[PDB]
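*Asks:* My complex, part one, positions kept as in the full thing:
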Amino acid sequence: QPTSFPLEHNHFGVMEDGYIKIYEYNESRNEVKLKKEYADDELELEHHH
């Protein structure tokens, strides 16, 4: 069920279940870090003021 997309500066995101997860790949250290995690519902809430 997951889908992924690219972002700037070698970041990328995954959307799986209700959760969006943002990652970074550091080519220099050759490693990835999970940078941020949101439940889509809290995002929806934020958006409906």
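*Replies:* That came through fine. Numbering: from 1, shown residues only, chains lettered A, B, ... in the order given.
*Asks:* List the contacts of the spatially most central residue of chain A.
*Replies:* Here the mean C-alpha position of chain A is nearest to the C-alpha of residue A:22 (C-alpha atoms, centre = their mean), at a distance of 2.1 Å. By C-beta atoms under 8 Å, 6 or more residues apart in numbering, the residues touching residue A:22 are A:7, A:11, A:12, A:13, A:34, A:35, A:36, A:37. From N, CA and C alone the C-beta is placed, and that goes for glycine too.
*Asks:* For it, which non-adjacent residue is closest in space?
*Replies:* residue A:36 (4.4 Å; C-beta to C-beta, 6 or more residues apart in numbering).
*Asks:* Name the SS class of that neighbour, please.
*Replies:* The three-state label given to residue A:36 by DSSP: H, G, I helix; E, B strand; the rest coil is strand.
*Asks:* Chain B goes on too:
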Amino acid sequence: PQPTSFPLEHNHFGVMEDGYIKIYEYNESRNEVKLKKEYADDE
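*Replies:* So, slotting chain B in with the rest:
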């Protein structure tokens, strides 16, 4: 139905899932995601 996504300019991106397309922005400096726009894909 399985979601699909796609990138957009200025660190925005799109997620299309079940009759809806949602556009988000990732702000790298604040390290935040915001939902910016919802769209009913039924035109």
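*Asks:* ok chain B is loaded, check the contacts of residue A:22 again?
*Replies:* Applying C-beta atoms under 8 Å, 6 or more residues apart in numbering or on different chains, we find residue A:22 in contact with A:7, A:11, A:12, A:13, A:34, A:35, A:36, A:37, B:26, B:31, B:33.
*Asks:* go on, residue A:3?
*Replies:* With contact set as C-beta under 8 Å, 6+ apart, residue A:3 has these partners: A:14, A:15, A:16, B:2, B:3, B:4, B:5, B:15.
*Asks:* Could I get the full set of strands for chain A?
*Replies:* A:3-6, A:11-16, A:19-26, A:31-39 (DSSP state E).
*Asks:* Of those strands, which stretch is the most buried?
*Replies:* strand A:11-16 (a mean of 18; mean count of other C-beta atoms under 10 Å in any protein chain shown).
*Asks:* Tell me the bridge partners for residue A:3.
*Replies:* residue A:15 (DSSP bridges).
*Asks:* which residues are there in chain A that come within reach of chain B?
*Replies:* A:1, A:3-9, A:11, A:13, A:15, A:20, A:22, A:35-36, A:38, A:43-44, A:46-47 (C-beta under 8 Å from any C-beta of the partner chain).
*Asks:* and chain C, same structure:
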Amino acid sequence: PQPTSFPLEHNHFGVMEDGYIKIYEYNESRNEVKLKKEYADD
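*Replies:* To build on what is shown above, here is chain C added in:
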């Protein structure tokens, strides 16, 4: 049936869903998504 999408220039993007190709634009300035064209058979 099972959608897949892809990016295009100037904040346009497209999606393929059961023999149908739909092209859209996101206009960041107006914060609005619009359907721009649709096809099935080329």
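*Asks:* Please re-evaluate the contacts of residue A:22 in the presence of chain C.
*Replies:* Each residue near residue A:22 by C-beta under 8 Å, 6+ apart is listed here: A:7, A:11, A:12, A:13, A:34, A:35, A:36, A:37, B:26, B:31, B:33.
*Asks:* again, but for residue A:4
*Replies:* Here residue A:4 is in contact with A:12, A:13, A:14, A:15, B:5 (criterion: C-beta under 8 Å, 6+ apart).
*Asks:* can you do 6 Å?
*Replies:* Listed by C-beta atoms under 6 Å, 6 or more residues apart in numbering or on different chains, the contact set of residue A:4 reads residue A:14.
*Asks:* what does residue A:20 give?
*Replies:* Counting by C-beta under 6 Å, 6+ apart, the residues that residue A:20 touches are A:38, B:33.
*Asks:* ok, 7 Å please
*Replies:* By C-beta atoms under 7 Å, 6 or more residues apart in numbering or on different chains, residue A:20 lies in contact with A:13, A:38, A:40, A:43, B:33.
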